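**Student:** once you've seen the sequence and the experimental structure below, I've got questions.
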Amino acid sequence: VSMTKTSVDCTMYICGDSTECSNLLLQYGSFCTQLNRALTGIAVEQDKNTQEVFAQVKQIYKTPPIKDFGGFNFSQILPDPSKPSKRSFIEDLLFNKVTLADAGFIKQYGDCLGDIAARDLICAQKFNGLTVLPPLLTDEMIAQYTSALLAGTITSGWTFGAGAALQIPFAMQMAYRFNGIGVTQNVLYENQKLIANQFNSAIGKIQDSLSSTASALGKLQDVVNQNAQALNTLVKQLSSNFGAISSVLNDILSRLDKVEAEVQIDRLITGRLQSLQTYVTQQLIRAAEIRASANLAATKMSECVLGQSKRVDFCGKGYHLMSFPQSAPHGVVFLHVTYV
Amino acid sequence: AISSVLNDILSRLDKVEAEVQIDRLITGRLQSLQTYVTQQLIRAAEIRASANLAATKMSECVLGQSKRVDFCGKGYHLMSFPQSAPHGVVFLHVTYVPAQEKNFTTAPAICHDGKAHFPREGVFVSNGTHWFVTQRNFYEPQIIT
Amino acid sequence: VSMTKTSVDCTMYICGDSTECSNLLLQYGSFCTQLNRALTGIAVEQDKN
Amino acid sequence: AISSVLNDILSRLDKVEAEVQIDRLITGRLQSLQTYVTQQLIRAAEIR
Amino acid sequence: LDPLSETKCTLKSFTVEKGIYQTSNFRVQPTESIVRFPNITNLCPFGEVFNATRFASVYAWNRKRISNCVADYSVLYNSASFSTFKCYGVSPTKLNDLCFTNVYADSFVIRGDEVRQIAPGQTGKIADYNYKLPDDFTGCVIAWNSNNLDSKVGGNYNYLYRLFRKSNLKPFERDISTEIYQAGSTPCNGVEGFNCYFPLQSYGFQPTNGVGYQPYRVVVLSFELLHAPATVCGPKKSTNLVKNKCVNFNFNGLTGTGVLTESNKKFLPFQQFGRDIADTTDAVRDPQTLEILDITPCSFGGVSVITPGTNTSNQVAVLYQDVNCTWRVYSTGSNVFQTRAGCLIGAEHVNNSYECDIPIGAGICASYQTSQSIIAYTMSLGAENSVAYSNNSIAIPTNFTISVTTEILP
Ligand SMILES: *[C@@H]1O[C@H](CO)[C@@H](O[C@@H]2O[C@H](CO)[C@@H](O[C@H]3O[C@H](CO)[C@@H](O)[C@H](O)[C@@H]3O)[C@H](O)[C@H]2NC(C)=O)[C@H](O)[C@H]1NC(C)=O
Ligand SMILES: *[C@@H]1O[C@H](CO)[C@@H](O[C@@H]2O[C@H](CO)[C@@H](O[C@H]3O[C@H](CO)[C@@H](O)[C@H](O)[C@@H]3O)[C@H](O)[C@H]2NC(C)=O)[C@H](O)[C@H]1NC(C)=O
Ligand SMILES: *[C@@H]1O[C@H](CO)[C@@H](O[C@@H]2O[C@H](CO)[C@@H](O[C@H]3O[C@H](CO)[C@@H](O)[C@H](O)[C@@H]3O)[C@H](O)[C@H]2NC(C)=O)[C@H](O)[C@H]1NC(C)=O
Ligand SMILES: *[C@@H]1O[C@H](CO)[C@@H](O)[C@H](O)[C@H]1NC(C)=O
């Protein structure tokens, strides 16, 4: 759905702790600000992408305490209130299956300087002016939106999308959804015990599947990994000479005078500015991959969750009955229920 | 280069010394065009996706009636009307929105003569004393026949 | 649906048959790689498509 | 650079003077690959 | 002037619209300079290099090791009078601010016209046959006319150069062979023969020789910089060592800026500097009290400015990412709000959750409200609404609203 926000101090990356280089970078001007406009456009719309998918309903519905949902067992996907973050059981698996290099978005000077300036990826990034910004919606607000959608679905069916949430007994709702797939509603009521058990057993296998197999969340890790790799490449590229006598900016200024340093510094500015142009270009292209995916997830939310899609294989294989959203790091997981 | 102005280089330097300064401006100005074109190629893909969406909404919201949820605005889509705008299109989506819901008691089936009866279309509702079958999206009750 | 996969020997394009050029290209480093990571991503997803 | 041919530089200039000329070709030819890859990354998104 | 003006500067506009704008990373300026040179008290053998009664012949050029001395080259201004002094790995101005790791002075005498051949990448019998410099030569070449010293009225033939060789010699190669050179296709034996040439020839340094055929003494100083522990240094006094302060440091000429700290790294004795993934020097061995110091830059942490429209107000708030206020700030604030996104200064934290106006991140948005001031709050997602769900209750609409909505697409 989204990817990590980033911002770059264009001067601090190119010309870290050098007034002489900073004065020479001025001779390029808008190029540094053009980079920041692009990254801001990327970052500002990562919040949009998350808003389009999750914030579809502007009313936080909450489940009743009496879970008499016709024998269907949503306890495995509804919020788990006693936990510090009011996420569901399955969502806590999803958040554990994706690992991120940093947590909490605050890394102070104290816990990062000296011995740990050498060691940490993020410390190397932050010192060279590369930063990762926090998303607008926290993982808790994302879960509240997911809770509202899931709680509204089970208690009101698709009515809560088309207007005000009109309650309806869940077996009555599932009877509507059988009519949607061309199976007469009496086929549900005459088999409700088996249908409820098969849903409960199917959701159980979802827990076991996500508990067991390591490669399930490839897409969401692939996004976190690519964003990390792009920044960690950007820092390594500070080691390149680009034809200058040295990669180290200061080893030039300490061995050459203003005019002989200007030649050598100009190469580093050109090369390091090109490195940011390359990184920003990759991120603009990449953000378009994520935007299309976030526009798909937004459509699957509207059409698989807030309704019942008659489209084939749009909400999984089989005849779509209903879908339940589950938040995941930088993404969304749809549990597509299908009659086969 | 010594100067941003191309002519101030040529009026001060001869061919050999100008070639160095001019080659920098060519390099930097050629890169400026490459950057601009890259931004526009990426941007054009944002517009192409939006124009493919607008074309799909024209075919489905306007030239038909979409059963897809919230594809043609919130509510149950009835019809849409396109309106041209500078570099864009505006769709006036007409949607039927349920307005004044009432609580009712309901049942999944009814037992008349030792059998089980289900609605052909609609749902069973009781007003407290009497049972009726009504269409799901609009309260218009009828005697259960 | 898909387009022709391509891979480039970034050293051979820039510095074909020159050892002196190759030693100088090493001074740029990860560029030669960042390029082929992109093309591999393009090529590998053509099979996905 | 004085020449497009990589070898005509090395056969006429010694290491210090060749390095200047070769560095231009590396910069320009590497830029050509970066531009090509950029075009193909954008193009692949059209195909995707 | 202030963070607001920084945005006006960056935007190149005197009026800034409502929003949150990223600015320069927070960066402390250095408090003081610090200089650390290896302490050596004795001066370099300038007199023994540039004043030796008898220089070596160019074919047998001498090489002397210069170590544990101070490179105060000013001492020879009164009496040097160098006709040529050219540096190839450094600017001449920087030599005083710089230290050297291994230093070799190559001393020899050549004809004045041939001093040009001592540059790296040259040809001619001197460059080709007795003294070649490498292409990556790091050093300063020095030469001065010596007609008054080396020339003899009968001609001084003690100075020899090599006129014949089977091949050009390698850089810094010294060839002493006197074996006869074979110019023709015939072999050569014994001492002499036709086309058998003795490889060495002597300069005829008569004081009447035209300027250019007069003897020129040449000293070539070759040295390496900033890569290895240093043993020769300029005449700069070392300052006292300071730590945990932002300072403009200079270690063995390795100038820079950053915070010095006591390292736990262990350097094998042949190493003096440590370098990062970015190849930026991140550690240095103090040259006087050998103990490894870490170097951390002072510029760190992001800054963003929250502002209503300029047309609305000049008041602003500042957000410091990577700063926990439970400081590294531009200003102390009456109201400070620590957020998961950073420390927010100049905005009043209100518990009342409104709709997001200016997104600060990690759930916080900010807005301008009542006497007006910037408020910061946790954004509201929407109204909270428990549905009336019952196992036998259904709601059915008795009415409808036809609603037209406008959707705009590029
Ligand atoms: C819906 O499915 C739920 C599990 O998917 C199920 O909850 C499970 O209930 C059993 C029995 O109450 C618990 O079993 C354990 O109960 C206590 C908990 O400490 C232990 O001391 C026992 O020895 C026993 O091991 C499960 O722990 C519990 N699972 C979860 C995830 O809470 C619900 O009962 C199901 N709902 C209905 C209506 O049947
Ligand atoms: C639930 O809906 C029922 C159907 O509308 C309603 O019953 C109906 O009540 C009306 C009066 O309110 C009766 O109308 C007739 O009453 C007498 C009968 O002879 C005549 O004099 C009148 O002119 C008129 O014909 C309906 O006959 C009656 N329908 C039935 C099937 O009994 C209930 O009152 C409603 N209950 C609640 C709680 O709202
Ligand atoms: C360093 O020493 C090397 C060995 O002494 C020397 O290479 C030698 O060069 C001579 C002269 O070119 C060669 O002499 C023979 O060359 C061919 C056979 O290779 C014969 O046809 C000739 O008649 C003659 O006999 C040696 O063969 C050659 N030795 C080797 C091992 O290659 C280098 O030139 C010296 N380098 C410098 C910079 O002085
Ligand atoms: C600026 O504010 C004035 C009122 O102080 C208002 O009349 C005007 O329309 C505003 N202009 C803009 C561009 O916001």
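**Tutor:** Looks like it came in fine. Numbering: from 1, shown residues only, chains lettered A, B, ... in the order given. Ligands and ions are numbered 1, 2, ... in the order given.
**Student:** show me where chain B has helices.
**Tutor:** Under the criterion DSSP state H, chain B contains helices at B:6-10, B:15-57.
**Student:** could you check which residue of chain E lies nearest chain C?
**Tutor:** Nearest to chain C, among the residues of chain E, is residue E:279, at 10.6 Å (Cβ to the nearest Cβ). (Each C-beta comes from the backbone N, C-alpha and C, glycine too.)
**Student:** residues contacting that residue?
**Tutor:** A:238, A:239, A:247, A:248 (Cβ atoms under 8 Å, 6 or more residues apart in numbering or on different chains).
**Student:** residues touching the third one, list them.
**Tutor:** Shown in contact with residue A:247 (Cβ under 8 Å, 6+ apart): A:238, A:239, A:240, A:241, A:268, E:279.
**Student:** from residue A:234, how far out is the fourth one?
**Tutor:** Here the distance between residue A:241 and residue A:234 works out to 16 Å (Cβ to Cβ, to the nearest Å).
**Student:** and for the fifth one?
**Tutor:** Computed with Cβ to Cβ, the distance linking residue A:268 and residue A:234 is 15 Å.
**Student:** next: residue A:161.
**Tutor:** Going from residue A:161 to residue A:234 by Cβ to Cβ gives 43 Å.
**Student:** likewise residue E:51?
**Tutor:** On the measure of Cβ to Cβ, residue E:51 and residue A:234 end up 55 Å apart.
**Student:** again with residue B:25
**Tutor:** From residue B:25 to residue A:234 the distance is 27 Å (Cβ to Cβ).
**Student:** that older thread, ok, residue E:51 and residue A:234, which is more surrounded?
**Tutor:** residue A:234 (25 against 13; other Cβ atoms under 10 Å in any protein chain shown).
**Student:** buried set for the host helix or strand of the more buried one?
**Tutor:** Using DSSP states H and E, the element containing residue A:234 is helix A:218-236. Along helix A:218-236, these residues count as buried under the neighbour rule (16 or more other Cβ atoms under 10 Å in any protein chain shown): A:220-221, A:223-224, A:226-228, A:230-236.
**Student:** with distance to residue E:128 added, can I get these in TSV?
**Tutor:** Formatted as TSV, the buried residues of helix A:218-236 follow (distance: Cβ to Cβ, whole Å):
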residue	distance to residue E:128
A:220	67
A:221	63
A:223	62
A:224	61
A:226	56
A:227	57
A:228	55
A:230	52
A:231	52
A:232	50
A:233	46
A:234	47
A:235	46
A:236	43
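**Student:** which among the residues you listed gets closest to ligand 3?
**Tutor:** residue A:236 (39.4 Å; Cβ to the nearest ligand atom).
**Student:** tell me the contacts of the closest one?
**Tutor:** Residue A:236 makes contact with C:29, C:30, E:277, E:278, according to Cβ under 8 Å, 6+ apart.
**Student:** likewise for residue E:102?
**Tutor:** Residue E:102 makes contact with E:65, E:67, E:223, E:224, E:228, E:231, according to Cβ under 8 Å, 6+ apart.
**Student:** near chain D, which residues of chain B?
**Tutor:** Counting by Cβ under 8 Å from any Cβ of the partner chain, the residues of chain B close to chain D are B:31, B:34, B:38, B:41, B:42, B:45, B:48.
**Student:** are any of those residues buried, and which?
**Tutor:** B:31, B:34, B:38, B:41, B:42, B:45.
**Student:** okay if I get those as TSV plus distance to ligand 2?
**Tutor:** Below are these laid out as TSV (distance: Cβ to the nearest ligand atom, whole Å):
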residue	distance to ligand 2
B:31	79
B:34	76
B:38	70
B:41	67
B:42	64
B:45	60
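**Student:** for chain C, what's its nearest residue on chain A.
**Tutor:** For chain A, Cβ to the nearest Cβ, closest residue to chain C: residue A:241, 4.6 Å.
**Student:** state the distance from the closest residue to that residue other than its chain neighbours to ligand 2.
**Tutor:** Nearest residue to residue A:241, sequence neighbours excluded (Cβ to Cβ, 6 or more residues apart in numbering or on different chains): residue C:27, at 4.6 Å. Counting by Cβ to the nearest ligand atom, to the nearest Å, the gap from residue C:27 to ligand 2 is 89 Å.
**Student:** before we move on, the earlier item: pick out the most distant pair among the buried residues of helix A:218-236.
**Tutor:** A:220 and A:236 (25.1 Å; Cβ to Cβ).
**Student:** the residue in chain A that chain B sits nearest to: neighbour count?
**Tutor:** Chain A approaches chain B most closely through residue A:307 (3.3 Å), counting by Cβ to the nearest Cβ. By other Cβ under 10 Å, the residues close to residue A:307 number 25.
**Student:** contact partners for it?
**Tutor:** A:158, A:161, B:68, B:69, B:70.
**Student:** and with 10 Å instead?
**Tutor:** Shown in contact with residue A:307 (Cβ atoms under 10 Å, 6 or more residues apart in numbering or on different chains): A:153, A:157-159, A:161-162, A:180, A:301, A:315, A:320, A:322-323, B:67-71.
**Student:** cool, residue E:227 as well?
**Tutor:** A:246, A:251, E:101, E:138, E:271, E:272, E:273.
**Student:** how about residue E:346?
**Tutor:** E:3, E:305-306, E:315-319, E:331, E:333-337, E:366, E:373-374, E:376.
**Student:** next, count neighbours for residue B:117.
**Tutor:** 15.
**Student:** thought it was touching residue A:189?
**Tutor:** No: judged on Cβ atoms under 10 Å, residue B:117 makes no contact with residue A:189 at a distance of 11.4 Å.
**Student:** name the residues contacting each of the two.
**Tutor:** Here residue B:117 and residue A:189 share the contacting residues residue B:109, scored by Cβ under 10 Å, 6+ apart.
**Student:** in chain A, which helix is the longest?
**Tutor:** helix A:258-300.
**Student:** angle of that helix against helix C:31-48?
**Tutor:** 10 degrees (axes from the mean of the first three to the mean of the last three Cα atoms, to 10 degrees).
**Student:** show me where the chain has helices.
**Tutor:** In the absence of a named chain, this looks at chain A. So, for chain A - with DSSP H - the helices run A:10-14, A:19-25, A:30-54, A:89-97, A:115-119, A:121-127, A:139-156, A:159-162, A:170-180, A:186-189, A:192-212, A:218-236, A:249-253, A:258-300.
**Student:** right idea, wrong chain: chain E
**Tutor:** Counting by DSSP H, the helices of chain E are E:3-11, E:46-50, E:125-129, E:147-150.
**Student:** packing partners for the last one?
**Tutor:** In this structure, helix E:147-150 packs against strand E:215-223, with contacts taken as 3 or more Cβ pairs under 10 Å, 6 or more residues apart in numbering or on different chains; DSSP states H and E.
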